[PDB]
Amino acid sequence: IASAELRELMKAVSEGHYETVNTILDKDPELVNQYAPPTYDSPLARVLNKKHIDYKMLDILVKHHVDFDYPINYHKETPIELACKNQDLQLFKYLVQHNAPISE
Amino acid sequence: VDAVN
């Protein structure tokens, strides 16, 4: 399994604990982009996994230097690939405005 | 990046 610290962060993200997540990432910034193949579970995956995305939580991850270049689910989809699969222009636009890469 | 597991 992943570290207790990463599991603690991911739980706080899933639970919508904005202030706790902010504090964890202030104190332990290197957690922000840690992902676990083959599920690709990660702080970001906990946000993007949801049919209705919590953009406050996504903004918090962005403030703490989350990136959008690694896969975010067990399909090995990047954030942009997920947006494409879901035909979600809201997510597409957010990702583009945050320099997310687009695969070929 | 890939987490230490």
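Residues numbered from 1 in each chain as written, not as in the entry; some residues may be left out. Chains lettered and ligands numbered in written order. Heavy atoms only, no water.

## Quick look at the nonpolar core
All names here are of chain A.
Okay, step 1: Ranked by size, the top nonpolar core spans 35 residues in total, and within it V21, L44, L48 and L58 carry the most contacts.
Okay, step 2: Taken together, the elements giving at least two residues each to this core come down to helix 1 (4-14), helix 2 (18-27), helix 3 (43-48), helix 4 (55-63), helix 5 (79-86) and helix 6 (89-97).
Okay, step 3: Once residues lying within four places of it in the same chain are set aside, the contact partners of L48 are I53, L58, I72, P79, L82 and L91. (Core = buried A, V, L, I, M, F, W, Y, C linked by side-chain atoms within 4.5 Å. Buried < 20%, exposed > 50% of the residue type's maximum accessible area, 1.4 Å probe, protein only. Helix = DSSP H or I, 4+ residues; strand = E, 2+ residues; numbered from the N terminus. Contact = heavy atoms within 4.5 Å.)

## Considerations on unusual backbone geometry
Residue and element names in this part refer to chain A.
Okay, step 1: Cis geometry is adopted by the peptide bond preceding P38, which originates at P37 and carries an omega value of 10 degrees.
Okay, step 2: Secondary-structure assignment places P38 in the loop between helix 2 and helix 3.
Okay, step 3: A positive phi angle, near 50 degrees, is found at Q87, a position not held by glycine.
Okay, step 4: Take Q87: it is sitting in the loop between helix 5 and helix 6.

## Details of helix 1 of chain A
Within an α-helix, residues lying three or four positions from one another point in the same direction, as the helix has 3.6 residues per turn.
All names here are of chain A.
Okay, step 1: Three or more residues of helix 1 are buried, namely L6, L9, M10, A12 and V13. Seen from one end, helix 1 has its buried residues packed into an arc of 160 degrees, which puts them on one side.
Okay, step 2: Where helix 1 ends, the next residue or the one after it, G16, has phi of about 75 degrees, a positive value. (Arc of directions from axis to C-beta.)

## Topic: the packing of helix 1 of chain A against helix 2 of chain A
When two helices pack together, their arrangement is given by the angle between the helix axes and by the axis-to-axis distance.
Residue and element names in this part refer to chain A.
Okay, step 1: At a closest axis distance of 8 Å, the pairing of helix 1 and helix 2 adopts a crossing angle of 150 degrees. When the interaxial angle is binned, helix 1 and helix 2 end up roughly antiparallel. For the pair helix 1 and helix 2, the crossing hand works out as left-handed. Residues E8, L9, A12 and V13 of helix 1 form the contact with helix 2, whose participating residues are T20, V21, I24 and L25.
Okay, step 2: For the contact of helix 1 with helix 2, the per-class residue count stands at six nonpolar, one polar and one charged. (Axes fitted to C-alpha atoms, helices over the stretch in contact; angles between N-to-C directions. Parallel < 35°, antiparallel > 145°, perpendicular 65-115°, else oblique. Left-handed = near helix turned anticlockwise from the far one by under 90°. Nonpolar A, V, L, I, M, F, W, Y, C, P; charged D, E, K, R; others polar.)

## Overview of the pattern of salt bridges
Okay, step 1: Under the criterion given, the structure shown has three salt bridges over all chains.
Okay, step 2: A salt bridge links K11(A) to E15(A), with the shortest nitrogen-to-oxygen separation between them at 2.8 Å. (Salt bridge = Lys/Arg side-chain N within 4 Å of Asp/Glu carboxyl O.)

## Notes on the interface of chain A and chain B
Okay, step 1: Counting residues at the interface gives nine residues for chain A, matched by five residues for chain B.
Okay, step 2: Surface buried jointly by chain A and chain B totals about 480 Å² across both partners, of which 50% is contributed by carbon and sulfur atoms.
Okay, step 3: Sorting the residues of chain A by area buried against chain B places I1(A), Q34(A) and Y35(A) first, and these three jointly supply 58% of that buried surface.
Okay, step 4: Put simply, chain A and chain B have zero salt bridges between them. (Buried area = accessible area lost by both parts, 1.4 Å probe.)

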